[PDB]
Each structure stands twice: as C-alpha cells, then as structure tokens.
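Enquirer: Please work out how this folds:
(7 chains)
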Amino acid sequence: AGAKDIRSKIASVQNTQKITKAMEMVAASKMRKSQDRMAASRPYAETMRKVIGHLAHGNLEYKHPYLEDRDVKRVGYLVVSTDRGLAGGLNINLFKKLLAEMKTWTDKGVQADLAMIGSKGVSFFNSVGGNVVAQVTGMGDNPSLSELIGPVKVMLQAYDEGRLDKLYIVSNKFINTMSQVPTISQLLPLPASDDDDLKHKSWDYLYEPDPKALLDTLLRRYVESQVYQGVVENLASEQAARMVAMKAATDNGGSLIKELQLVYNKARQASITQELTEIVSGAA
Amino acid sequence: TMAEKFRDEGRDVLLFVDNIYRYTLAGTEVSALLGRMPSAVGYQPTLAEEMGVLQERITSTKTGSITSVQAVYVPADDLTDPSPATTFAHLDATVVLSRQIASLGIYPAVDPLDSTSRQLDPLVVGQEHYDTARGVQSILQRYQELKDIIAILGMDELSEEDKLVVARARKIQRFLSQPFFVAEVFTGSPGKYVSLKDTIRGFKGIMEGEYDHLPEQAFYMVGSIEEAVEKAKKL
Amino acid sequence: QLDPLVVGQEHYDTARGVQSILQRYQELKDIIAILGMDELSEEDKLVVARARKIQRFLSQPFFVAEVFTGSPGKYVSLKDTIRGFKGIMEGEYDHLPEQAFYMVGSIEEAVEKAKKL
Amino acid sequence: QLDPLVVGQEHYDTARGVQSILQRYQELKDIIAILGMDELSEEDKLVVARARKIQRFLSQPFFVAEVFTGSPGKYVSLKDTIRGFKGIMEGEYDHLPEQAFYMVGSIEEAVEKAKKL
Amino acid sequence: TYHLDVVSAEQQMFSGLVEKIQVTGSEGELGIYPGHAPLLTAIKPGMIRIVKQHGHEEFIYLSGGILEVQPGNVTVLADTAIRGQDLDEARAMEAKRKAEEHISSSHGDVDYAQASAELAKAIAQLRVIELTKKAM
Amino acid sequence: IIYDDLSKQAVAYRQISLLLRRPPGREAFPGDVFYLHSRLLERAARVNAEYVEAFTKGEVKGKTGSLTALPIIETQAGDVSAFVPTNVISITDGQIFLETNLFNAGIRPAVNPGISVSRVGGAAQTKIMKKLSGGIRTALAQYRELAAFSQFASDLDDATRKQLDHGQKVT
Amino acid sequence: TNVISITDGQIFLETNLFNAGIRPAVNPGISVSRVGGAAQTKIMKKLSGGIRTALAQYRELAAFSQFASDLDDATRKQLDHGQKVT
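Expert: Residues are numbered from 1 along each chain as shown, chains lettered A, B, ... in the order given. Structure as follows:
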C-alpha cells in the first residue's frame, strides 16, 4: 500500500488495458479476413454436391459404401479446436457437448475413435483419456487443405476398411459476430441434401473412363472439403470470441482503474496529514 | 459586496468568481501565516466556514437575487480532496466543458452527459422538461457506445433501428450548438437567444422522429427549431 | 493451539488444507477479475468451485441470530466438521450447488438442502 | 561522457551496438518462452546466440573476489574490451560455445577456454 | 462463349466467359468448345489453356482435379497439391505418428505470442482485489 | 530570462523557511511556496507603449517592452502531478515536456507532443511557420499511439501503414 | 529501515507464502546474506549454487504459471523444476 505502490498498480492496470484493446482490434481484423476466406470456399463444395447427387441418386444410381447406412458398432469424430487461448468459453462448450454424446453412445456399447485438429483439443482429450489416433496442430490462422489430408485419410481408410460405422465432424458454426454455437454433424454416410434431379430428365454425363472410379474420388474430395470448411468456420468463430472476450477484459480493467484511484487518493491524503501533523506537533 | 449593492436595488445580478480554489488557497496561506494548526490535508482549520460565509451571501431574497457562476479547479483530479468536497456542498448546477465536443466544431462545448443540475426534478422544473432532458441524455449515452461498435466493426454491423438512433443522436448533438451574439466576429452569423419553451419543443421534436425527413446540417448553429426547417429549405 | 501435537494430525491437516485452498483462490481473484473466469485451467476452475463451497460452509446459523433471520441456530461438534471439510476438499460433494452449503450445520444438512435446490 | 566526441566513434558504436543487441534479446525472450526456439528466423537465432555470448562476456573474475571463488582475477584493458565486443557482434566467434565466454577475462582467453571444453 | 469456373477447395482461381479450352484428361488430352455435350472426367497435373473472349490466350497450372462440362457451363474442381495414392499415405502415416508420439507442434502467430506474454507479465502479482476492498 | 531550476529555488526557500521556524505546509514546503513562483513569473510580461512612455518619462514612445521567461522544473519519474510541478504548471502559459523514454531511444530533443502545449499558440508564430506547421502536432500525437498499437499488430491495414511510416519520417 | 541497514543479512518471511503452505516462509528472492559461501561447509557451498539458479530462473518465468498450458515445452521443464525445488 502507500501512495507509491498503488500508483504503480494503477500504471500496470492501464498497461493491461492498452494490451487488451490492441488484441481486440487485431482479432476483429482477422475475423473479417477469416469470414472472407470462409465464403471463398463455398463454390467448390456447392457444385461438387450437385455432381454427387446427380451421379448417386439421379436418373440412375451407383452404390458406394459411403452412401448407405449400416449398423453402428463404433463411431469416429473429427474434432476441431483452436490453437490459442483467450478464446473464452469456445473450446470447453464444444468439448463438453462432445463428451455428453460420446457418453450417450458408449451407453449403447459402441466405442469412439478421435482425430484432433488443433492442439487445445489434443491437450484436453489426452488428459480426459480419449482414444486419439491422428492429429494435426499448428495450422494457426493459415488453415490449408493439404495439412488436413492426413487426419481425414485416417478416418476414411478406417471407414471403408470396416472399422468405423459413422463419422462426425464437431466444430463451431459462425452465425454472427455476436454468437457462435457448437455443432456435431454427420458426414458419413452422406446426408440427404434435397438434390432432386427431376429437371435432369434431359441428360446424363459422358464418363471418362467409368462412373464408379469417378464417384469414389468425388466422395473423398467432398469429405475433405467439408472438413476444411468446418476448420475455417471454427477459425472465424475463435476470432469473434476473442474479440468479444477482449472487449469484456478492457471494460473490466477500465472499471478497476476507478477503484484503484479512490484507494490511491485516500492514501495520498492520509500521508499528507500524517506528515504535517508530525511536524507541527513535534515543534514545541 | 458590489453585487449585494446591486441586489438591494431590486435587480437580478450575476456574480462570476474566476477561481474559487484560489480563494481557498489564499485562506490557507493566511492561516499558516497566523500560526494556526493544520487540519485535514494541510487545509486551514476553518475551511468549511470561510467557504460558507462567502457562499451564503449569494442567495435570492424578497427584494432581489444573486446568481453565481464559479470556475472550479479540483486538485490532483480528486473530487474527495477537502476543497472540492467543501465547494460541491454549495453548488446547485454543474456544467463541464469538453475539449472533444469542441473538436467537432460544436460551440458551446458543454458536455451534456456529465453536466448536471439539481433543478432537474419533476417537482421543480415539471415533468415534460425533466423527461425531455432524460430522453436526450439516454439517446446520447447509447450513441456513445454505438459509435464504438461502429469504430471497431464498421457501420454495416449495426441493427437497422440503431442506424436510426445514430441518425437522431447526430441531429440532437448538432441542435445543441448556438450562435452567440458575442460569437459573431468568429461565426459571422447573427446571435440567437432561445426561450426555454422553444428548446423543449425542438428536442421533443427531434427525439420522436418528427423532423426525421430533413438533413442533419439543418440543425447546426440554427437557434430555434422553427428556423431549422427554414435552414433546411435552402440546403 | 493449532499444532499436530495438540489437535491431532487429522484436525491440523484439514485446517491447513483449507487455508491452502482459500489462499490459492485469493491468488486467482485478479485474473478472474480482469480476464473473466473462462481463461482458467480445468484444474483451477475446480479449485475455485471448491473454495467457493468452503466459503459458504464456514457460515453457520446462530441461536442468537434467530432474531435477525428466524432460521434456527445449529450446534456443530468438532468431529462433525473435520469430517465435512475433508468431504468437501476431496471432491466427494462436487455434485452439489454452492447454495446447498449456505447457512447449514453439519454436512448432512447440506446434502439434504440440495435436494430442495 | 558517452558521446562520440569524447570517447570516439569506435567506442561509441561498440557500446551502442551492445545495447541494441541486448534490447532485441529482451524483445525476444518472451517469444522464445511461448513459441519455442525453433520458430525464430535465421536472422533472429543469431541475434539470440550473440546476445547470450555478449551477456556472458560482460562477466569478469576480480582479483579481490578470489577469496569467494578461488578463480584467479583478470585485468582487461579498454582496447581488448572493444576488440572483443566488436568481434562478437561481427560474427567472428560464432564457432565457440556460450560458456567459453563466462568469467574469461580477455577475448584471447575465450578461445583457449573453448579448446579445453 | 461459355462461362468457365476454376475453383479449388480454398479459393477461386479463374472465372468469366471463354471461347475454348484445352485440358489434359485422364484418358487423353481434351478440348471443350461451346455447347459441348455433358462430360465428366479427371484431369492430370499440368497446364490448362484458356482463350478469354477476344482471343486473349493465357496458361494456368493445375495440380489435378476433376472436370465437369454441362452444355453452356463448365467448371474445373482443381486440387491444391499433387494427389496420388502413395503421396497421401505418407501424410496419413505422419499424422498417425504424431498422435502416439505426443509431438504437439506450435502455431506461428507471433502477434498473439507477444500480446499474451505482455498480458501475462502485466497482470502478475497485482494483488489488486486484496488492495481495493471489492467483495467478490 | 531562463531560471535553471525553479525546483531548487523552492528547496532553498524551504530550508531558509524552516530554519526560521515558520509553520510548514504540504510536503513541508513553507505555507506560501505558490506566492514564491507566482510573484516571480508574473514579472515576465509584455508591456504596452503607454506604460513604457510614462515609466521612461517620454524619452521613448514608439515601443513596447517584454520579458519572456523559460523556467525549468525537474520531475521525479515523470510525475507531472507532484506539489511543485503542478504549482508552476498553473502559473505559466504552456509547457514543453521532455520525455525520458524518447531521450534514451535517441529522439533528441525529446519533445513529447500531446502532453506539451503552448497556450498563446499561433498568435506568436511567424506567418510561414504558422501555415506550414499547423498540422504537425496532432499528426505526431496520433502517430505515437499508432506506433504503440503497431507492436501487437502485424498485417496492418495499408491505410494505416502509410500514416505509420509518414509519422516515422517526420519523427 | 535502520536495522536493515545495520545488519549483514536479512531473512524475509512473507505471509502470502506462509498461507499457501510454504513453511518456513522464507522468500529467497529478496533475502540476502553477505557472508555468503564463506559461512558454509564446502559440500553445501558446492550444492546450493544450482539451487539459487533453479529458483532464480523459476522467478523469472513464474509470471507464466497461469498460462502454462500454452508454453513451449523447453521452458515448461524449468518452470516445473522450480516448483519441485520450492
């Protein structure tokens, strides 16, 4: 205490407030960039889904394993998590939503198999005791598709090899700069997208060389694409959560400078009085 | 005492004290010269009486009245220091002038959010004036944070009722400017003296969407509001 | 009188564990104040929850405060409190809400008050 | 007295270069803490290594501290001081380990120490 | 002319109206003129030629992908990196290794590193809440 | 006129005052340290032609006199809010605040804009300088905070990337 | 401020360490002894040299204890050795 300590604490809280304001501004600019990179990725998956629909359940059909259900003996999860702290409640809401449903599933005897994006989920599930088989980390704000080919190659290889029966991607969904929501969604077997081809009486493709070898690659690329989309939305959601958390922190610091200054002024006045009284009453 | 003489003639007087804190400090200097013991923060032992015996002669009376406008300096930015705390016991109103409001080219630069009075009660000023003032105050202090959301996320994020609050707040903030007679030789425009009732009309208007249809620069430096329309006309 | 040789090892150990948790909670109050609570670890959200339970459970209704709150006073023997604080510190009551501990006597009155929420 | 006209541009530039190296290394300690060493640039990893070597080379064994540590003292002229720090900053002694500079004395003894190591 | 779209999973590489293109198909080289009947094929890594309307020719490089031609529209769903079988299995094996051997790599966001470290130092042992008498 | 340290005159006055047993005031400075610097600096004035003419008894008539003063004050650890600095800041017509963080960093003279100001302002400034220099001070007072925010932000918006480097040229 | 100036050392006992469990509550970062190693058996003098440095590095890093989940693993080991020696 004493004036000269409290003034130093006021100075350091003011410094903290500068830092949190800077982090807010940075996070907001990165949020805008990431939600541009988010919309730039729609066209590819949008058109590939129409191709898959016309090819799989159009005027005729071919039948891939990925298209038709089978009894679920054990399940896979692709878990998307941030690489950086200060995101607020983002990661733990998601991980608890996950754990509740992995519990609900293992209440029916089925096992779970985990693959991790981002290192926060890695550190978490490697301590809760999850079964993690493939991971990628350190993508930061530079998510790239080639770095994702691995952990999804694992899950697909295990799916058509028979060791999985269902595959989910768990991630946040960026609705608004002010709200983000965790969601666990299916991506194998392929969900129905209302792709009805009744306008496409009109034609069928020329296939070079054959339609089944094409359909295989189409489905694999589509899964990779949707995992990438999930990663990018999780990134923009991280950025928005960090922006709002740092807004909160800056207000919390500003509303605490005001307390420290009352305490400092009380101490200043007390010191002046105690000194001047000692002088005047020590004289004579 | 010169002001008190004018009052005895039955007039209304206005007494300016260019800095009351220096009156306090001269009292302290003299107190120290006379050898009296130091009180709370070095201030004279008789502080709250030397202040009261000045501030108590400034009152209305069945014959006349003295109003007082007193510039005040608060030491160490501390409204607890004995001198600010002793003065504020006597002040009815309080107007604070802001560098920022002036930066926007608005004069007089009276900050409407921190300026206060204790004549603002439905009991004393009436319900209409009171709630008109509270209305413009709430408008301004919401705009205060919308203007931060704008600065961080850009205008396009704001809801579309807020895009209208941010249009009414700007018109309110303009309409608080005025052309003084004394200000001509800066602003050229002639001076205006606005009767209270007219200010209540103008802000009751702007607050509730009336005059939504005319541009914000028709309010700037106009005076009454029934001249805001006749400045929009030629805009 | 707070010595292993005077109050026995178990009483002393419980008192010191309580001091240590409450102190560790004091050291987080500034991080929680500035950054908010969601920045804490999974092992330091648990410390905070246990400390905030120990704080309530230190409260008690007094036979002389009935004048102020009506709630009947409780008398809590020593064994019955060095059992309850051991209980809270070792997480065996983690499934209860904080308000289950406010102004109760022994720990069974808290496990009972939780049923009423 | 530390301005060019009174100490000369040689001494002045050596001292200012040392100060700036250590300032940059202070900028970088807290990136090393979070992101680890392997993430620095190839330019910055050399600033780190030279800053650490300079930070070592400032130490010296005193003739009177011999009673505290036994190691014999050293007297170092100003000429050798400048010729040493200039040499470190210009990348001339990158071949030596850090501890070849710790408590060495003159720079010509850092190589003789590194040969023992 | 017809509308050509070259899009990857990540970004849009080309758009706009074209007069013709020549692509290297998996089966053989190809060439698409307007009105070309529907077709679907893979394409090999290599260049693609476009003639933007009014004969402005230019060459783009594609790592692979899939070509879909509809009568008046065509789109090339390109890939970001060479996609083979043994290329992807190396990635799969590395991703499998990194999960058992807990090699948690670091991100590279140096701005967050500096801001977080300054924020950690500044808030250290402030003892503010003991100093001001907030209850909490 | 230049007073090398008005913060050492106050110390000598405090001494000579205590040794006479006169009652002290805040921070043990004598009761009236303010009336010490006030009555000193209020001599620095510009005085008009009527006063010079009367004083000099008609010998010189066309002129006005002046005595400008630059008092110097020393602050402990940048604390502008100490008892003797906040006194003298309340008497003069401005201040040039020389900042140590600029001086060590090599910005010399270390004039700190924003915190330092001249209250007579452009009335004193020569016309060409009043024209050219009008924009500088706020430009620098803003660049100096933009250069703070620029620590945590890479990838700056190229709109501010120009302001930064321009402010850096001028600095 | 007098008896700190008169003496050849200081042992600072701090209540924020005492409460947290560290008894005796000696604070090694602000305590001093000017006789130093001359007042030690040579085995203790040999061994305590590394303890001083372990605790000094721990004090320089400890600001990060509340962010340890993101720290590089090369410093995490120093930050944990400091805790074990404390």
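
Enquirer: Please count neighbours and contacts with C-alpha atoms only from this point.
Expert: Noted.

Enquirer: Chain A against chain C: which residues are in contact?
Expert: Counting by CA under 8 Å from any CA of the partner chain, chain A comes close to chain C at A:85, A:86, A:88, A:89, A:245, A:246, A:248, A:249, A:250, A:252, A:253.

Enquirer: go with 7 Å
Expert: Counting by CA under 7 Å from any CA of the partner chain, chain A comes close to chain C at A:86, A:88, A:89, A:249, A:252, A:253.

Enquirer: So residue A:82, which state does it fall into?
Expert: coil (DSSP: H, G, I helix; E, B strand; the rest coil).

Enquirer: Please list all residues in contact with it.
Expert: By CA atoms under 7 Å, 6 or more residues apart in numbering or on different chains, the residues touching residue A:82 are A:118, A:119, A:120, A:238.

Enquirer: same deal with residue F:75?
Expert: Contacts of residue F:75 by CA under 7 Å, 6+ apart are residue F:85.

Enquirer: could you check the distance from it over to residue A:267?
Expert: Between residue F:75 and residue A:267 the distance is 21 Å, computed by CA to CA, to the nearest Å.

Enquirer: try residue B:116
Expert: For residue B:116, the distance to residue A:267 equals 29 Å [CA to CA].

Enquirer: more neighbours, these two?
Expert: residue A:267 (17 against 14; other CA atoms under 10 Å in any protein chain shown).

Enquirer: Assign the more buried one to helix, strand or coil.
Expert: helix.

Enquirer: Please tell me I have it right and it contacts residue A:3.
Expert: Yes - with contact defined as CA atoms under 7 Å, residue A:267 reaches residue A:3; the gap is 5.5 Å.

Enquirer: sec struct for the residue of chain B at minimum distance from chain G, please.
Expert: Of all residues in chain B, the one sitting closest to chain G is residue B:41 (26.1 Å; CA to the nearest CA). Classification of residue B:41 using three-state DSSP returns coil.

Enquirer: show me where the chain has strands.
Expert: No chain in the question, so chain A it is. Ranges of strands in chain A, per DSSP state E, are A:74-80, A:111-117, A:132-136, A:166-176, A:179-188, A:206-208.

Enquirer: To clarify, I was referring to chain E.
Expert: Using DSSP E, the strands of chain E run over residues E:2-7, E:12-14, E:17-22, E:39-42, E:46-52, E:56-62, E:66-69, E:73-77.

Enquirer: How about the most centrally placed residue in chain A: what's its closest non-neighbour residue?
Expert: Geometric centre of chain A, nearest residue: residue A:234, 3.1 Å, by CA atoms, centre = their mean. If you skip the residues right next to it in sequence, residue A:234 has residue A:172 as its closest partner in space, 5.1 Å away by CA to CA, 6 or more residues apart in numbering or on different chains.

Enquirer: check which helix or strand covers the residue nearest to residue B:68 when sequence neighbours are not counted.
Expert: Nearest residue to residue B:68, sequence neighbours excluded (CA to CA, 6+ apart): residue B:15, at 4.7 Å. In this assignment (DSSP states H and E), residue B:15 forms part of strand B:12-17.

Enquirer: residues of that strand that come out buried?
Expert: residue B:13 (16 or more other CA atoms under 10 Å in any protein chain shown).

Enquirer: and if you look at stretch B:110-123?
Expert: Quick answer for stretch B:110-123 (16+ other CA under 10 Å): B:110, B:111, B:112, B:120.

Enquirer: if I pick the nearest residue to residue B:58 once chain neighbours are set aside, what's in contact with it?
Expert: Excluding the flanking residues, the one nearest residue B:58 by CA to CA, 6+ apart is residue B:66, at 5.5 Å. Neighbouring residues of residue B:66 by CA under 7 Å, 6+ apart: B:7, B:12, B:13, B:14, B:15, B:58, B:59, B:60.

Enquirer: wait, is residue B:66 part of a strand?
Expert: Yes - according to three-state DSSP, the state of residue B:66 is that of a strand.

Enquirer: Against residue B:90, how distant is it?
Expert: Taking CA to CA as the measure, residue B:66 and residue B:90 are separated by 14 Å.

Enquirer: What parts of chain E come near chain C?
Expert: Within reach of chain C by CA under 7 Å from any CA, chain E has these residues: E:127, E:128, E:129.

Enquirer: Top of those by number of neighbours, please.
Expert: Counting by other CA under 10 Å, top hit in the residues of chain E next to chain C: residue E:128 with 22 neighbours.

Enquirer: What about the residue of chain B closest to chain G, how many residues nearby?
Expert: Residue B:41 sits with 21 neighbouring residues when counted by other CA under 10 Å.

Enquirer: Help me confirm that it comes into contact with residue A:268.
Expert: No - Residue B:41 is beyond contact range of residue A:268, at 9.1 Å (criterion: CA under 7 Å).

Enquirer: Which helix runs longest in chain B?
Expert: helix B:127-153 (DSSP state H).

Enquirer: Mind listing what's buried along it?
Expert: So helix B:127-153, judged by 16+ other CA under 10 Å, has buried residues B:129, B:130, B:132, B:133, B:136, B:137, B:139, B:140, B:143, B:146, B:152.

Enquirer: For the helix of greatest length in chain E, list every residue counted as buried.
Expert: Taking DSSP H as the assignment, the helix of chain E that covers the most residues is helix E:86-100. Within helix E:86-100, the residues that qualify as buried are E:88, E:91, E:92, E:94, E:95, E:96, E:98, E:99, counting by 16+ other CA under 10 Å.

Enquirer: same deal with stretch B:70-77?
Expert: Across stretch B:70-77, burial judged by 16+ other CA under 10 Å covers residue B:72.

Enquirer: Who are the packing partners of the longest helix of chain E?
Expert: Under the contact criterion of 3 or more CA pairs under 7 Å, 6 or more residues apart in numbering or on different chains; DSSP states H and E, helix E:86-100 touches strand A:132-136, helix A:149-160.

Enquirer: can you pull out the helices in chain B?
Expert: Here chain B has its helices, by DSSP H, at B:2-8, B:20-33, B:47-55, B:82-87, B:99-103, B:122-125, B:127-153, B:162-175, B:184-187, B:196-207, B:229-232.

Enquirer: Among the ones you listed, single out whichever gets nearest to residue A:76.
Expert: helix B:127-153 (38.4 Å; CA to CA).

Enquirer: Please name every helix or strand in contact with that closest one.
Expert: Using 3+ CA pairs under 7 Å, 6+ apart as the test, helix B:127-153 ends up in contact with helix B:162-175, helix B:196-207.

Enquirer: circling back to that earlier point, ok, the residue nearest to the centre of chain A - contacts?
Expert: Neighbouring residues of residue A:234 by CA under 7 Å, 6+ apart: A:171, A:172, A:173.

Enquirer: CSV for the helices of chain B, including distance to residue A:18?
Expert: Output for the helices of chain B, formatted as CSV (distance: least, CA to CA, whole Å):
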stretch, distance to residue A:18
helix B:2-8, 51
helix B:20-33, 34
helix B:47-55, 41
helix B:82-87, 31
helix B:99-103, 21
helix B:122-125, 42
helix B:127-153, 15
helix B:162-175, 27
helix B:184-187, 39
helix B:196-207, 36
helix B:229-232, 43
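
Enquirer: quick one: contacts for residue A:230?
Expert: residue A:171.

Enquirer: for the residue positioned nearest the centre of chain B, phi and psi?
Expert: Closest to where the C-alpha atoms of chain B average out (CA atoms, centre = their mean) is residue B:95, at 3.2 Å. The phi/psi pair for residue B:95 (degrees, to the nearest 10) reads phi -110, psi 130.

Enquirer: mind checking how far the closest residue to it other than its chain neighbours is from residue C:84?
Expert: Excluding the flanking residues, the one nearest residue B:95 by CA to CA, 6+ apart is residue B:115, at 4.4 Å. According to CA to CA, residue B:115 and residue C:84 sit 56 Å apart.

Enquirer: Please apply the same query to residue E:55.
Expert: Residue E:55 sits 87 Å away from residue C:84, going by CA to CA.
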